[PDB]
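In the form deposited in one PDB entry, a lone chain appears below as structure tokens.
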């Protein structure tokens, strides 16, 4: 699966299609693949929960579940794992992408990887970056 132009955008993100069973990944950026160590072929058609592992806070995962079910945005931080089992902190932002009648068509997920739970200035700057990134991908996804 050769990268589309969308997938060559130099940010970590995935797009899922909630019409397909278990809301699977249909697009994943090259940066996301570099971060997580998976090939595109390995993760297309899978739900993103494969990134979770033993030290992932399950209460935080439920916050994400609730946002998806209520079709709203959420921003959380949680521990995720690469294919080889390397841990990273993920400052994660979810938002729905809506069509011209306001119905949700896709979900966008943006990941900012780090080595620690961030707070205060680092958190603020991280959230600035991931929200701007989500906006750019929302525009890009409009014509998919």
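Positions refer to the first chain, counted from 1.
Asker: What stretch has the higher average Cα B-factor here, 20-28 or 131-139?
Answerer: Higher mean C-alpha B-factor in the PDB entry: 131-139.
Asker: Going by the recorded CA B-factors, say which third of the chain residue 116 sits in, lowest, middle or highest.
Answerer: Highest third of the chain for residue 116's C-alpha B-factor.
Asker: Grab the CA temperature factor for residue 95 from the record and place it in the lowest, middle or highest third of its chain.
Answerer: It belongs to the highest third of the chain when residues are ordered by C-alpha B-factor.
Asker: Quick check for you: using the entry's CA B-factors within this chain, is residue 41 in the lowest, middle or highest third?
Answerer: Its C-alpha B-factor belongs to the highest third of this chain's values.
Asker: Check where residue 125 lands among this chain's C-alpha B-factors and tell me if it's the lowest, middle or highest third.
Answerer: It falls in the bottom third of the chain.
As for the form solved in complex with a partner chain, it is not shown, yet the points below apply to it.
Asker: With the partner left out here, check for me: in the entry with it bound, does some heavy atom of residue 30 sit within 4.5 Å of its partner chain?
Answerer: The answer is yes: residue 30 has a heavy atom within 4.5 Å of its partner chain.
Asker: Please check if residue 20 has a heavy atom lying within 4.5 Å of any heavy atom of its partner chain in the entry with it bound.
Answerer: The answer is yes: residue 20 has a heavy atom within 4.5 Å of its partner chain.
Asker: In the entry with it bound, is there a heavy atom of its partner chain that lies within 4.5 Å of any heavy atom of residue 116, even though the partner is absent here?
Answerer: Contact with its partner chain, no.
Asker: Using heavy atoms and a 4.5 Å limit, would one call residue 75 a contact residue for its partner chain in the entry with it bound?
Answerer: No, residue 75 stays farther than 4.5 Å from its partner chain in the entry with it bound.
Asker: Just to confirm the contact call: exactly one of 66-74, 87-95, 52-60, 39-47 touches its partner chain in the entry with it bound at a 4.5 Å heavy atom cutoff, so which is it?
Answerer: Stretch with heavy atoms near the partner: 39-47.
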